[PDB]
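Visitor: Next comes the structure file start.txt, holding compact mmCIF, C-alpha atoms and all ligand atoms.
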# COMPACT_ATOMS: atom_id res chain seq x y z
CA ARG A 1 175.32 61.97 37.04
CA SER A 2 176.22 60.25 33.76
CA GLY A 3 169.09 49.41 31.32
CA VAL A 4 168.49 53.13 31.92
CA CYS A 5 168.07 55.62 29.05
CA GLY A 6 170.99 58.02 28.70
CA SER A 7 169.11 60.69 26.77
CA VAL A 8 169.39 64.29 27.76
CA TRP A 9 167.74 67.59 26.99
CA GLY A 10 168.75 71.23 27.22
CA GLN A 11 167.53 74.42 28.88
CA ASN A 12 164.98 75.23 26.20
CA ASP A 13 164.17 71.63 25.27
CA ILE A 14 160.87 69.90 26.02
CA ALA A 15 160.35 66.63 27.89
CA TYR A 16 157.40 64.90 29.54
CA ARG A 17 156.30 64.89 33.16
CA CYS A 18 153.91 62.08 34.10
CA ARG A 19 152.37 62.43 37.53
CA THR A 20 151.16 58.82 37.46
CA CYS A 21 154.59 57.30 36.82
CA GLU A 22 156.89 59.78 38.59
CA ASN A 23 158.59 58.96 41.96
CA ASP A 24 158.77 62.72 42.69
CA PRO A 25 157.90 66.02 40.96
CA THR A 26 161.45 66.40 39.58
CA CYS A 27 161.26 63.27 37.44
CA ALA A 28 160.77 63.30 33.69
CA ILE A 29 161.40 61.27 30.53
CA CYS A 30 162.41 62.20 26.98
CA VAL A 31 159.85 62.43 24.22
CA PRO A 32 160.81 59.15 22.46
CA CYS A 33 160.65 57.28 25.76
CA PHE A 34 157.20 58.76 26.42
CA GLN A 35 155.99 57.92 22.90
CA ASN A 36 157.24 54.33 23.21
CA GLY A 37 155.38 53.78 26.46
CA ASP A 38 151.71 53.75 27.42
CA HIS A 39 150.45 56.74 29.44
CA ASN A 40 147.02 57.13 27.85
CA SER A 41 145.08 57.40 31.11
CA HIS A 42 147.91 59.11 32.96
CA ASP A 43 148.19 62.70 34.19
CA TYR A 44 151.00 63.80 31.89
CA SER A 45 152.16 67.14 30.57
CA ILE A 46 154.76 68.62 28.26
CA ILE A 47 157.29 70.59 30.26
CA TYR A 48 160.35 72.78 29.91
CA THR A 49 162.33 71.57 32.88
CA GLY A 50 165.27 73.76 32.10
CA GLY A 51 167.24 70.67 31.16
CA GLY A 52 167.65 67.18 32.49
CA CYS A 53 168.37 63.51 32.11
CA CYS A 54 165.72 60.96 31.20
CA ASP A 55 164.56 58.73 34.08
CA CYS A 56 163.17 55.94 31.83
CA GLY A 57 164.27 52.56 33.18
CA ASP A 58 165.38 54.00 36.54
CA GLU A 59 163.23 52.12 39.12
CA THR A 60 164.11 54.81 41.72
CA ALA A 61 162.70 57.68 39.61
CA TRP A 62 160.00 56.07 37.50
CA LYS A 63 157.49 53.26 37.90
CA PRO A 64 158.29 50.20 35.73
CA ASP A 65 154.74 50.30 34.35
CA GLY A 66 155.90 53.59 32.83
CA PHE A 67 159.09 52.34 31.19
CA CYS A 68 159.20 52.54 27.40
CA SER A 69 159.45 49.38 25.33
CA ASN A 70 163.25 49.76 25.02
CA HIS A 71 164.32 50.18 28.70
CA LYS A 72 163.33 47.00 30.63
CA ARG B 1 165.52 63.93 36.50
CA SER B 2 165.38 67.63 35.57
CA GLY B 3 171.63 75.25 44.21
CA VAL B 4 172.45 72.43 41.76
CA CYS B 5 173.93 73.11 38.31
CA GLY B 6 171.40 72.38 35.58
CA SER B 7 173.93 71.95 32.82
CA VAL B 8 173.79 69.00 30.53
CA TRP B 9 175.96 67.39 27.89
CA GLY B 10 175.27 64.94 25.09
CA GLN B 11 176.53 61.60 23.85
CA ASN B 12 179.60 63.11 22.19
CA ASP B 13 180.27 65.87 24.74
CA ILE B 14 183.08 65.94 27.28
CA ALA B 15 182.77 66.47 31.04
CA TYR B 16 185.03 65.85 34.05
CA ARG B 17 185.23 62.90 36.43
CA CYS B 18 186.97 63.60 39.72
CA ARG B 19 187.69 60.52 41.84
CA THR B 20 188.45 62.67 44.90
CA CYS B 21 185.12 64.48 44.90
CA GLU B 22 182.77 61.88 43.37
CA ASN B 23 180.25 59.86 45.37
CA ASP B 24 180.43 57.02 42.84
CA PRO B 25 181.99 56.37 39.42
CA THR B 26 178.91 57.65 37.58
CA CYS B 27 179.20 61.18 38.97
CA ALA B 28 180.57 64.07 36.92
CA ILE B 29 180.59 67.85 36.49
CA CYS B 30 180.52 70.07 33.43
CA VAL B 31 183.70 71.74 32.26
CA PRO B 32 182.82 75.26 33.53
CA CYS B 33 182.03 73.89 36.98
CA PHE B 34 185.32 71.98 36.98
CA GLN B 35 187.25 75.10 35.93
CA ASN B 36 185.56 77.23 38.58
CA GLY B 37 186.49 74.81 41.32
CA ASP B 38 189.80 73.68 42.78
CA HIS B 39 190.80 70.10 41.94
CA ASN B 40 194.55 70.68 41.52
CA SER B 41 195.53 67.85 43.87
CA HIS B 42 192.69 65.60 42.78
CA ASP B 43 192.54 62.48 40.64
CA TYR B 44 190.52 63.93 37.78
CA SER B 45 190.03 62.92 34.17
CA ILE B 46 188.30 64.26 31.10
CA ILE B 47 185.55 61.81 30.09
CA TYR B 48 182.99 61.09 27.40
CA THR B 49 180.16 59.81 29.57
CA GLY B 50 177.77 59.25 26.74
CA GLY B 51 175.76 62.13 28.12
CA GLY B 52 174.66 63.31 31.51
CA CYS B 53 173.66 66.01 33.97
CA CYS B 54 176.13 68.01 36.05
CA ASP B 55 176.35 66.97 39.71
CA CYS B 56 177.88 70.26 40.91
CA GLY B 57 176.03 71.37 44.02
CA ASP B 58 174.37 67.98 44.58
CA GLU B 59 175.67 66.73 48.03
CA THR B 60 174.36 63.18 47.26
CA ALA B 61 176.68 62.99 44.18
CA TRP B 62 179.59 65.36 44.88
CA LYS B 63 181.53 66.49 47.94
CA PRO B 64 180.69 70.13 48.81
CA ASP B 65 184.40 70.91 49.06
CA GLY B 66 184.37 70.15 45.33
CA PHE B 67 181.52 72.50 44.39
CA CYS B 68 182.40 75.30 42.00
CA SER B 69 182.36 78.90 43.17
CA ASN B 70 178.85 79.40 41.79
CA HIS B 71 176.95 76.49 43.35
CA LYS B 72 177.35 77.04 47.11
ZN ZN A 101 164.50 58.51 27.44
ZN ZN A 102 162.77 54.53 27.64
ZN ZN A 103 152.75 57.58 32.92
ZN ZN A 104 187.85 67.03 42.84
ZN ZN A 105 177.98 72.26 36.08
ZN ZN A 106 179.17 74.36 39.71
Written as structure tokens, that's how I'd like the structure from this file.

Guide:
Amino acid sequence: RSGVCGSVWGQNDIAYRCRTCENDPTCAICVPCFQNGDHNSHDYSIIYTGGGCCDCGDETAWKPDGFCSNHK
Amino acid sequence: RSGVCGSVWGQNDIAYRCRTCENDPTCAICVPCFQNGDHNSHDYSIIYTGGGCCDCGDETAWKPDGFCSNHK
């Protein structure tokens, strides 16, 4: 598909998985969204998803505690 | 989030909306997926979504009759 962050990354591009904040293992947020949130204690990792759309601000894909400062 | 087409486009990039195949107005497929499908009769439009992920092959976002030849 096409406030929620509209950022996107490509096949070779990195993003962040956070197992604490994710609704399911396919969820992920862009680097700026991760850096503007607080995951210090969380089980996070840099990934190459092979592309995707950022789930920051999407209550159905990400826990609101894990939203960055700019998306809710 | 990050079978289904994994293609992506950015803020300035075009994609296709197809009102016949879409599950909702936010759904969209990349240009190659549109060209490798059959939408001749359909109510389609070229859009600038401000970025997104291709819904081709996702049955929750796109009608399977509208899948391109390469995603089931
Ligand atoms: Zn983001
Ligand atoms: Zn964010
Ligand atoms: Zn987190
Ligand atoms: Zn169509
Ligand atoms: Zn596609
Ligand atoms: Zn396709």

Visitor: Can you tell me which residues come within 10 Å of ligand ZN 103 (chain A) when counting only C-alpha atoms and all ligand atoms, ideally as number ranges by chain?

Guide: A: 16-22, 28-29, 34, 37-45, 62-68

Visitor: Hey, which residues come within 6 Å of ligand ZN 102 (chain A) if we count only C-alpha atoms and all ligand atoms? Could you give them as a list in words?

Guide: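 The distance check yields residues 5, 33, 56, 67, 68, 70 and 71 of chain A.
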
Visitor: For the point (168.0, 62.6, 32.1) in the file's frame, write as a list in words all residues with an atom no more than 10 Å away, counting all atoms listed in the file.

Guide: residues 1, 2, 4, 5, 6, 7, 8, 9, 10, 15, 27, 28, 29, 30, 51, 52, 53, 54, 55 and 56 of chain A; 1, 2, 8, 51, 52 and 53 of chain B

Visitor: Restricting the calculation to all atoms listed in the file: of A:35, A:49, A:26, A:60, which residue gets closest to ligand ZN 101 (chain A)?

Guide: A:35

Visitor: Using all atoms listed in the file for the distances, tell me which of B:3, B:48, B:23, B:14 is nearest to ligand ZN 104 (chain A).

Guide: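 Once distances to ligand ZN 104 (chain A) are computed over all atoms listed in the file, the minimum belongs to B:23.
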
Visitor: Go through B:69, B:50, B:31, B:59 one by one, measure the shortest atom-to-atom distance of each to chain A using all atoms listed in the file, and give the residue with the smallest value.

Guide: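 Checking each of B:69, B:50, B:31, B:59 against chain A, counting all atoms listed in the file, the winner is B:50.
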
Visitor: Please, what distance in Å, to one decimal, runs between atom CA of residue 61 of chain B and atom CA of residue 25 of chain B?

Guide: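 Separation between atom CA of residue 61 of chain B and atom CA of residue 25 of chain B: 9.7 Å.
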
Visitor: In Å to one decimal, how far is atom CA of residue 24 of chain A from atom ZN of ligand ZN 106 (chain A)?

Guide: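 Atom-to-atom, atom ZN of ligand ZN 106 (chain A) and atom CA of residue 24 of chain A are spaced 23.7 Å apart.
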
Visitor: Please measure the separation of atom CA of residue 47 of chain B and atom ZN of ligand ZN 104 (chain A), giving the value in Å to one decimal.

Guide: 14.0 Å

Visitor: Could you work out an axis-aligned box for segment 12-25 of chain A, taking every atom the file lists and adding 3 Å on each side, and report centre and edge lengths in Å to one decimal, as AutoDock Vina command-line options?

Guide:
--center_x 158.1 --center_y 66.3 --center_z 34.0 --size_x 19.8 --size_y 23.9 --size_z 23.4
